[PDB]
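Structure, as structure tokens:
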Amino acid sequence: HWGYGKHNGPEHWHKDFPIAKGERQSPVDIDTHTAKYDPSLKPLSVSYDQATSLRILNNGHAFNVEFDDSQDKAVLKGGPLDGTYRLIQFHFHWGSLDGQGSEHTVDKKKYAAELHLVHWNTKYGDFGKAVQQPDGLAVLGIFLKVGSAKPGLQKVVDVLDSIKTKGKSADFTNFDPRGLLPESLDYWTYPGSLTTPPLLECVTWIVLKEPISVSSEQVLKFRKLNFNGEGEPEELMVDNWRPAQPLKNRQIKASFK
Ligand SMILES: NS(=O)(=O)c1ccc(O)c(NC(=O)NCCc2ccccn2)c1
Ligand SMILES: [Zn+2]
């Protein structure tokens with residue numbers, strides 16, 4: 001099964017998922033100088049006031065905080081998007097060291113981690129149908145750098161001991177994802193893919209310019225999770241990031257100058 005180890009990591013994924021060598025794969029390096037400012041890009045609309053988190057799950061490749069997406073409770077609109085996209089889950093990718101961990105890079109710079117808030121286009125009715133469409137998902141990507149703590153992340157950090165191993169889930173209600181957002185919603189955007197198998201080319205990527213800062217203790221607790229299931233040999237869940245993929249025939253647009 002695919003993973004991030006020596007024999008099943010990202011360079012192996014194309015054998016099971018040939019779209020890995022596709023024309024709109026993610027993540028990518030964001031060359032800030034080559035990104036073009038687009039004045040027709042609208043500001044992003046993040047409407048998270050009514051979000052209903054339900055639980056948190058270790059799926060063996062990251063942990064997902066899952067939301068009730070059966071109504072327009074937490075939605076993303078505006079920006080490059082047409083229509084309304086509902087938040088279904090968020091998760092992170094992170095490194096074994098503070099110097100790596102993000103999937104997107106900015107002028108080749110790697111951040112300590114990257115948060116992905118995953119949304120699906122309501123015109124397709126549910127997530128499973130949306131991922132089959134070229135405009136099915138909008139993923140809001142937010143970089144994490146190590147510095148001061150992010151208070152809004154602590155409730156996530158504190159529950160991770162209850163989902164250490166693959167397959168464990170925990171009730172995780174009343175979590176407000178607004179506590180994970182930076183001050184500015186300036187963004188880059190490009191058409192891309194899921195960054196884990198099945199690598200489907202269904203994502204409008206919206207990557208925020210401004211990182212959030214989290215503490216060293218906060219990211220250290222991510223690194224205590226396990227890829228393995230309980231009662232299997234312990235392999236720390238670290239470096240669960242795919243490296244940058246060829247931009248090919250794509251242009252990254254910026255909402256700011
Ligand atoms: N890392 S990412 O590009 O934000 C992202 C977002 C939503 C996703 O469903 C995935 N991929 C993922 O979760 N793979 C395991 C479950 C899955 C997801 C989609 C279709 C089939 N199976 C990646
Ligand atoms: Zn992701």
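In the structure tokens, chains take letters A, B, ... by order of appearance, with residues numbered from 1 within each chain and ligands from 1 in the order shown.
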Excluding residue 52 (chain A) and its own-chain neighbours fewer than 6 positions away, which residues fall within 9 Å of it when counting only C-alpha atoms? Please give them as a short mmCIF file (atom, residue, chain, number, x, y, z; two decimals) with N, CA, C and O atoms, in the first residue's frame.
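Okay, out-v2.cif is ready:
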data_model
loop_
_atom_site.label_atom_id
_atom_site.label_comp_id
_atom_site.auth_asym_id
_atom_site.auth_seq_id
_atom_site.Cartn_x
_atom_site.Cartn_y
_atom_site.Cartn_z
N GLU A 66 -12.99 16.16 10.85
CA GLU A 66 -14.09 16.01 9.92
C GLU A 66 -15.23 16.91 10.34
O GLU A 66 -15.45 17.16 11.53
N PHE A 67 -15.96 17.40 9.34
CA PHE A 67 -17.08 18.28 9.62
C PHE A 67 -18.37 17.72 9.05
O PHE A 67 -18.37 16.91 8.11
N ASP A 68 -19.48 18.16 9.64
CA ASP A 68 -20.79 17.94 9.05
C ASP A 68 -20.91 18.78 7.78
O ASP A 68 -20.95 20.01 7.84
N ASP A 69 -20.97 18.11 6.63
CA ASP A 69 -21.09 18.78 5.34
C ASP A 69 -22.42 18.49 4.68
O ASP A 69 -22.53 18.50 3.45
N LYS A 73 -22.84 24.92 6.20
CA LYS A 73 -22.44 25.40 7.52
C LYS A 73 -21.09 26.11 7.51
O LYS A 73 -20.92 27.15 8.16
N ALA A 74 -20.11 25.53 6.85
CA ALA A 74 -18.77 26.11 6.74
C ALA A 74 -18.45 26.07 5.26
O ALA A 74 -18.24 25.00 4.70
N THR A 173 -15.89 17.66 18.75
CA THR A 173 -16.96 18.61 18.47
C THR A 173 -16.53 20.01 18.84
O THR A 173 -15.62 20.23 19.65
N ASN A 174 -17.22 20.99 18.24
CA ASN A 174 -17.13 22.39 18.63
C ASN A 174 -15.77 22.99 18.33
O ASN A 174 -15.38 23.98 18.96
N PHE A 175 -15.02 22.43 17.39
CA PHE A 175 -13.75 23.00 17.01
C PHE A 175 -13.98 24.06 15.96
O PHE A 175 -14.62 23.79 14.94
N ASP A 176 -13.43 25.25 16.19
CA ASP A 176 -13.65 26.39 15.32
C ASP A 176 -12.46 26.55 14.39
O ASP A 176 -11.41 27.03 14.83
#
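Backbone DSSP over region 109-174 of chain A gives strand (DSSP E or B) for residues 109, 113, 114, 115, 116, 117, 118, 119, 120, 121, 137, 138, 139, 140, 141, 142, 143, 144, 145, 146, 166, 169, 170 and 171 of chain A.
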Surrounding residues of region 177-193 of chain A excluding itself and chain neighbours under 5 positions, 7 Å, only C-alpha atoms, as a VMD selection string = chain A and resid 24 to 26 44 48 152 to 153 199 to 212 251 to 256
For those residues, write N, CA and C atoms to a file as a PDB file, in the first residue's frame.
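The resulting file, out-v9.pdb, is shown below:
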ATOM      1  N   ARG A  24      -1.762  18.054 -14.313  1.00  0.00           N
ATOM      2  CA  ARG A  24      -2.119  19.067 -13.318  1.00  0.00           C
ATOM      3  C   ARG A  24      -1.959  18.491 -11.912  1.00  0.00           C
ATOM      4  N   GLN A  25      -0.769  17.972 -11.622  1.00  0.00           N
ATOM      5  CA  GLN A  25      -0.481  17.393 -10.319  1.00  0.00           C
ATOM      6  C   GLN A  25      -0.025  18.442  -9.312  1.00  0.00           C
ATOM      7  N   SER A  26      -0.312  18.155  -8.049  1.00  0.00           N
ATOM      8  CA  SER A  26       0.032  19.003  -6.920  1.00  0.00           C
ATOM      9  C   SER A  26       0.849  18.199  -5.910  1.00  0.00           C
ATOM     10  N   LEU A  44     -11.346  36.123  -1.194  1.00  0.00           N
ATOM     11  CA  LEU A  44     -11.937  34.885  -0.710  1.00  0.00           C
ATOM     12  C   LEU A  44     -12.993  35.195   0.333  1.00  0.00           C
ATOM     13  N   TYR A  48     -17.055  30.416   8.139  1.00  0.00           N
ATOM     14  CA  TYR A  48     -16.893  29.289   9.057  1.00  0.00           C
ATOM     15  C   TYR A  48     -17.672  29.434  10.363  1.00  0.00           C
ATOM     16  N   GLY A 152      -5.422  28.618  18.738  1.00  0.00           N
ATOM     17  CA  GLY A 152      -6.509  27.901  18.090  1.00  0.00           C
ATOM     18  C   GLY A 152      -6.172  26.494  17.645  1.00  0.00           C
ATOM     19  N   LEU A 153      -4.894  26.132  17.632  1.00  0.00           N
ATOM     20  CA  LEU A 153      -4.492  24.781  17.275  1.00  0.00           C
ATOM     21  C   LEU A 153      -4.405  23.857  18.480  1.00  0.00           C
ATOM     22  N   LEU A 199      -4.879  10.972  -6.153  1.00  0.00           N
ATOM     23  CA  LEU A 199      -4.171  11.999  -6.933  1.00  0.00           C
ATOM     24  C   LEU A 199      -5.059  12.621  -8.010  1.00  0.00           C
ATOM     25  N   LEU A 200      -6.370  12.613  -7.781  1.00  0.00           N
ATOM     26  CA  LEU A 200      -7.317  13.039  -8.803  1.00  0.00           C
ATOM     27  C   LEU A 200      -7.170  14.527  -9.098  1.00  0.00           C
ATOM     28  N   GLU A 201      -7.301  14.883 -10.370  1.00  0.00           N
ATOM     29  CA  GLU A 201      -7.073  16.250 -10.839  1.00  0.00           C
ATOM     30  C   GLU A 201      -8.371  17.054 -10.779  1.00  0.00           C
ATOM     31  N   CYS A 202      -8.788  17.326  -9.537  1.00  0.00           N
ATOM     32  CA  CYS A 202     -10.110  17.866  -9.255  1.00  0.00           C
ATOM     33  C   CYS A 202     -10.064  19.098  -8.364  1.00  0.00           C
ATOM     34  N   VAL A 203      -8.894  19.692  -8.138  1.00  0.00           N
ATOM     35  CA  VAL A 203      -8.705  20.684  -7.082  1.00  0.00           C
ATOM     36  C   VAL A 203      -8.393  22.050  -7.684  1.00  0.00           C
ATOM     37  N   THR A 204      -9.152  23.066  -7.275  1.00  0.00           N
ATOM     38  CA  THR A 204      -8.699  24.449  -7.376  1.00  0.00           C
ATOM     39  C   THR A 204      -7.918  24.746  -6.102  1.00  0.00           C
ATOM     40  N   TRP A 205      -6.598  24.869  -6.227  1.00  0.00           N
ATOM     41  CA  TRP A 205      -5.766  25.194  -5.075  1.00  0.00           C
ATOM     42  C   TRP A 205      -5.808  26.679  -4.775  1.00  0.00           C
ATOM     43  N   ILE A 206      -5.985  27.007  -3.497  1.00  0.00           N
ATOM     44  CA  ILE A 206      -5.919  28.386  -3.015  1.00  0.00           C
ATOM     45  C   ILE A 206      -4.936  28.363  -1.859  1.00  0.00           C
ATOM     46  N   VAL A 207      -3.751  28.932  -2.059  1.00  0.00           N
ATOM     47  CA  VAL A 207      -2.678  28.838  -1.072  1.00  0.00           C
ATOM     48  C   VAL A 207      -2.452  30.235  -0.516  1.00  0.00           C
ATOM     49  N   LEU A 208      -2.615  30.397   0.797  1.00  0.00           N
ATOM     50  CA  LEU A 208      -2.463  31.715   1.403  1.00  0.00           C
ATOM     51  C   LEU A 208      -1.000  32.128   1.482  1.00  0.00           C
ATOM     52  N   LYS A 209      -0.761  33.410   1.180  1.00  0.00           N
ATOM     53  CA  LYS A 209       0.578  33.984   1.268  1.00  0.00           C
ATOM     54  C   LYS A 209       1.102  33.985   2.696  1.00  0.00           C
ATOM     55  N   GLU A 210       0.246  34.309   3.664  1.00  0.00           N
ATOM     56  CA  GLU A 210       0.712  34.496   5.034  1.00  0.00           C
ATOM     57  C   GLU A 210       0.675  33.178   5.792  1.00  0.00           C
ATOM     58  N   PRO A 211       1.798  32.699   6.310  1.00  0.00           N
ATOM     59  CA  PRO A 211       1.756  31.516   7.169  1.00  0.00           C
ATOM     60  C   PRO A 211       1.205  31.855   8.543  1.00  0.00           C
ATOM     61  N   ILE A 212       0.767  30.827   9.227  1.00  0.00           N
ATOM     62  CA  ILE A 212       0.500  30.940  10.654  1.00  0.00           C
ATOM     63  C   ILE A 212       1.729  30.435  11.375  1.00  0.00           C
ATOM     64  N   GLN A 251      -0.370  28.282 -15.094  1.00  0.00           N
ATOM     65  CA  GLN A 251      -0.006  29.555 -14.583  1.00  0.00           C
ATOM     66  C   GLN A 251      -0.550  29.736 -13.175  1.00  0.00           C
ATOM     67  N   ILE A 252       0.294  30.119 -12.254  1.00  0.00           N
ATOM     68  CA  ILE A 252      -0.153  30.453 -10.909  1.00  0.00           C
ATOM     69  C   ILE A 252      -0.547  31.923 -10.905  1.00  0.00           C
ATOM     70  N   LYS A 253      -1.742  32.215 -10.404  1.00  0.00           N
ATOM     71  CA  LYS A 253      -2.240  33.576 -10.307  1.00  0.00           C
ATOM     72  C   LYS A 253      -2.208  34.024  -8.858  1.00  0.00           C
ATOM     73  N   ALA A 254      -1.959  35.308  -8.661  1.00  0.00           N
ATOM     74  CA  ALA A 254      -1.907  35.909  -7.337  1.00  0.00           C
ATOM     75  C   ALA A 254      -3.047  36.903  -7.184  1.00  0.00           C
ATOM     76  N   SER A 255      -3.623  36.946  -5.985  1.00  0.00           N
ATOM     77  CA  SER A 255      -4.687  37.900  -5.711  1.00  0.00           C
ATOM     78  C   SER A 255      -4.157  39.243  -5.240  1.00  0.00           C
ATOM     79  N   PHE A 256      -2.856  39.344  -5.127  1.00  0.00           N
ATOM     80  CA  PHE A 256      -2.170  40.502  -4.620  1.00  0.00           C
ATOM     81  C   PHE A 256      -0.891  40.828  -5.394  1.00  0.00           C
TER      82      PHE A 256
END
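Distance check against ligand 1 using only C-alpha atoms and all ligand atoms: of A:83, A:95, A:141, A:101, the minimum falls on A:141.
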For ligand 1, list the contacting residues at 7 Å or closer, counting only C-alpha atoms and all ligand atoms, as JSON, numbers by chain.
-> {"A": [116, 117, 118, 128, 131, 139, 193, 194, 195, 196, 197, 198, 199]}
Residues as selected, C-alpha atoms, written as an mmCIF file, in the first residue's frame, can you do that?
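Dumped to again-v5.cif:
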data_model
loop_
_atom_site.group_PDB
_atom_site.id
_atom_site.type_symbol
_atom_site.label_atom_id
_atom_site.label_comp_id
_atom_site.auth_asym_id
_atom_site.auth_seq_id
_atom_site.Cartn_x
_atom_site.Cartn_y
_atom_site.Cartn_z
ATOM 1 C CA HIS A 116 -5.290 21.739 3.981
ATOM 2 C CA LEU A 117 -8.911 22.786 4.478
ATOM 3 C CA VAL A 118 -10.791 20.586 2.017
ATOM 4 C CA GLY A 128 -17.446 11.377 -3.818
ATOM 5 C CA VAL A 131 -13.671 14.384 -6.795
ATOM 6 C CA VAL A 139 -8.431 23.175 -0.986
ATOM 7 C CA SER A 193 -4.783 17.582 -7.816
ATOM 8 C CA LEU A 194 -5.106 15.731 -4.566
ATOM 9 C CA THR A 195 -1.604 15.378 -3.128
ATOM 10 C CA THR A 196 -2.249 11.817 -1.929
ATOM 11 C CA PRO A 197 -3.639 8.865 -3.878
ATOM 12 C CA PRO A 198 -5.902 8.732 -5.807
ATOM 13 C CA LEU A 199 -4.171 11.999 -6.933
#
Using only C-alpha atoms, determine which residues lie at most 12 Å from residue 82 (chain A), disregarding the query and same-chain residues fewer than 5 positions distant; provide the list as an MDAnalysis selection string.
-> chainID A and resid 41:42 44:45 76:77 120:123 135:138 204
Selected residue of minimal separation from ligand 2 among A:27, A:99, A:246, A:43, counting only C-alpha atoms and all ligand atoms | A:27
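Using only C-alpha atoms, the smallest distance between any of A:236, A:149, A:170, A:247 and residue 218 (chain A) comes from A:149.
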Secondary structure check, helix (DSSP H, G or I) residues of region 8-250 of chain A, as a VMD selection string = chain A and resid 10 to 16 18 to 21 122 to 124 127 to 130 151 to 163 177 to 180 216 to 222
Any chance you could export the current selection's C-alpha atoms as a compact mmCIF listing (two decimals), in the first residue's frame?
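Produced file out39.txt, reproduced below:
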# COMPACT_ATOMS: atom_id res chain seq x y z
CA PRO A 10 5.79 9.44 -3.55
CA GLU A 11 8.21 8.31 -6.28
CA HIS A 12 6.42 4.92 -6.29
CA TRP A 13 2.83 6.16 -6.44
CA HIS A 14 2.59 6.26 -10.25
CA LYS A 15 2.66 2.45 -10.38
CA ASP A 16 -0.72 2.20 -8.65
CA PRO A 18 -0.64 6.57 -13.14
CA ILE A 19 -2.25 10.01 -12.91
CA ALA A 20 0.73 10.78 -10.64
CA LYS A 21 2.54 11.76 -13.86
CA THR A 122 -22.07 21.80 -3.77
CA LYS A 123 -23.29 21.54 -7.35
CA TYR A 124 -22.02 17.94 -7.32
CA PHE A 127 -17.61 14.70 -1.96
CA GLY A 128 -17.45 11.38 -3.82
CA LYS A 129 -19.01 12.87 -6.89
CA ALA A 130 -17.06 16.11 -6.64
CA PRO A 151 -3.80 29.05 20.50
CA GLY A 152 -6.51 27.90 18.09
CA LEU A 153 -4.49 24.78 17.27
CA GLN A 154 -4.05 23.58 20.85
CA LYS A 155 -7.32 21.65 21.03
CA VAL A 156 -6.18 19.63 18.01
CA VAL A 157 -2.73 19.03 19.51
CA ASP A 158 -4.20 17.88 22.83
CA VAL A 159 -6.42 15.15 21.37
CA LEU A 160 -3.66 13.52 19.30
CA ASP A 161 -2.69 11.13 22.11
CA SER A 162 -6.14 9.55 21.73
CA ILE A 163 -5.59 8.83 18.01
CA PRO A 177 -11.43 26.35 12.21
CA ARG A 178 -11.36 30.17 12.23
CA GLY A 179 -8.68 29.85 14.90
CA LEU A 180 -6.29 28.42 12.28
CA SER A 216 7.87 23.95 18.47
CA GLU A 217 5.94 22.01 21.13
CA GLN A 218 2.82 22.03 18.94
CA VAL A 219 4.56 20.56 15.89
CA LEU A 220 6.52 18.11 18.07
CA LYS A 221 3.18 16.61 19.09
CA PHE A 222 2.28 15.98 15.43
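With CA of residue 49 (chain A) on one side and CA of residue 62 (chain A) on the other, the separation reads 25.3 Å.
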Considering only C-alpha atoms and all ligand atoms, state which residue in the set A:242, A:55, A:145, A:164 is at the smallest distance from ligand 2.
-> A:242
